[PDB]
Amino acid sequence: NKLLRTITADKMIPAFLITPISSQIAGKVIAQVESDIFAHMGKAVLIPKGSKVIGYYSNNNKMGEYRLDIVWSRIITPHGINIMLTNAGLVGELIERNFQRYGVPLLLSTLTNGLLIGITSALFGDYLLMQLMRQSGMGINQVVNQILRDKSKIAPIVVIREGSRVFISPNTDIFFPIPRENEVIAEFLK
């Protein structure tokens, strides 16, 4: 029965990124599965080693406070069977599919297995005209703490380089129907 073609919630599907994730650009990411993923019961290989996982990512953030969402939409096996997870400035619609079809925002979490993270920041006068115009009379500690706290609205540019190692983890059991004409529409028993 069902458990012979199911991946258990919080299975850790190890993968590495072929495509980088930049923190300005919201875009597409491709990962590659590092080993065969077996169904909870039986000997079926549901996700074969070497499968590509295609996802779409966006950066949110409340000014310094990093938010990345990755929606893993489909898996392509080395033999070329397509496994749908979620169908098709272009990411938000996919979270809505999931936010309604399941109530959960993301069906698959993305966990560290060793991320390669590059972390740059985007940027006596700017400081001085402020004091003379706006903040004359203010106390030392204040103006400077104003400048520093100020220096942290501008969100840093965070890149997760290709070659980063990751765990893709189902937030629910995922049932994989038997492929028909190279297609599997996955079911999330939530």
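The numbering used is simple: start at 1 and walk along the sequence shown.
- Unmodelled residues of the deposited sequence between residue 123 and residue 124: 10 or more.
- Missing coordinates between residue 88 and residue 89 amount to 4 to 9 residues of the deposited sequence.
- 66-74 and 136-144 differ in mean CA B-factor, and the higher of the two is recorded for 66-74.
- Taking only CA atoms, the mean B-factor in the PDB entry is higher for 56-64 than for the other of 56-64 and 127-135.
- Split the chain's modelled residues into thirds by C-alpha temperature factor. Residue 98 is in the highest one.
- The deposited CA B-factor of residue 108 belongs to the lowest third of values across its chain.
- When the modelled residues of the chain are ordered by their C-alpha B factor, residue 150 lands in the highest third.
- In the deposited entry, the Cα temperature factor of residue 48 places it in the middle third of its chain's modelled residues.
- In the PDB entry, a CA B factor belonging to the lowest third of its chain's modelled residues is recorded for residue 163.
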